[PDB]
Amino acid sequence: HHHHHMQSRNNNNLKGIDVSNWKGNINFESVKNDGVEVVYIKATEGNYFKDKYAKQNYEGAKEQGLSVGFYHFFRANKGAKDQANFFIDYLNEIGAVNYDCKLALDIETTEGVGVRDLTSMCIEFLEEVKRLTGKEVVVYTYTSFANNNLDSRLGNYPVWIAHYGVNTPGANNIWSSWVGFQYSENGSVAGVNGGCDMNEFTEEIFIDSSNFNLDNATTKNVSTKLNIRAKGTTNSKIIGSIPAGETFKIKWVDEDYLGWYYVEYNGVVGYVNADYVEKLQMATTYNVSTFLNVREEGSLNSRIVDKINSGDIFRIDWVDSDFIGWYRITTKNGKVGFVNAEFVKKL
């Protein structure tokens, strides 16, 4: 019968780990060369504990070009906003002003607090952190803990779920999807002594969400279809095709194959001859201090269907003649609509 679950692990996800003072000295270059891409570091616990290795780990991780995040171990017996401030004050105290991942609330104990109140406290903490940093947050906890000692109100925040021994986090009555999955506490990672905490993170773990990762190219001078080959060579095997006029995503240009684009179209990843590729027009906001409305059609009385956050990247699809002065676009979230030209900067 029906069994709704969260997504399973996926090699396509970012490889991550999380450390604390318990690990002592860590060789981050080694961690960097072990495939690890993001590192969450413990910063504080309650309003009475500072992880003394946070600065060392933050600087070490950043030196290796790794993405960094910090987590606070919540102690419900202490003030919620008090702890939020304790947490942020310490990050500043150690000069950690360039973390790349959402601030994490590690909630895994109740300290004897009821469900309604414990959930309320977590919310207070989360909002205070957002208020203080203007940055986003993520909730870390274990499946059964959430199902028994917290209520669904925390479902408004993304979750970094912990559940070992499985390829899929278990049934959850608060979240239906995760941005982080801690699947093991006994992993073996170069540069970390003993058993290391292992994680898979989706791109939503990042604070910077301005990127556009949808199709950015289409064909040109192609009468019917554009061949996708295993390598940038007609001597290479055709592993796919792109019908004329369709869009796809250019990943990058490979050195061994200049003059070709490494792309992805409907599941296939290969090389295409650049002479037949036309890049689509990317753009961002201009003179937008907050956000830009995306409307159903190019008019001020038209239903607002989405928003473009200052600095976000979107695609200009075409100019609809019915709405001169506006662009028909596609947002980083796949949504289509119109935006006022006075606020767009082509890239």
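All residue numbers refer to positions in the sequence shown, first residue = 1.
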Would you tell me which stretch averages the higher CA B-factor in the PDB entry, 55-63 or 37-45? 55-63
Averaging CA B factors per stretch from the PDB record, which one is higher: 5-13 or 329-337? 5-13
So among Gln182, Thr119, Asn273, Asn266, who wins on Cα B-factor in the entry? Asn266
Max C-alpha B-factor within the set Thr143, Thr219, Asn193, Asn199 falls on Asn193
Position of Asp254 among the chain's modelled residues by C-alpha B-factor, lowest, middle or highest third: highest
Third of the chain, ranked by Cα B-factor, where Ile228 sits: highest
Within this chain, which third does the Cα B-factor at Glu127 fall in: lowest, middle or highest? middle
Ranking every modelled residue in this chain by its Cα temperature factor as given in the entry, which third contains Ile308? middle
Entry-reported Cα temperature factor of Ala283, expressed as the chain third it lands in: lowest
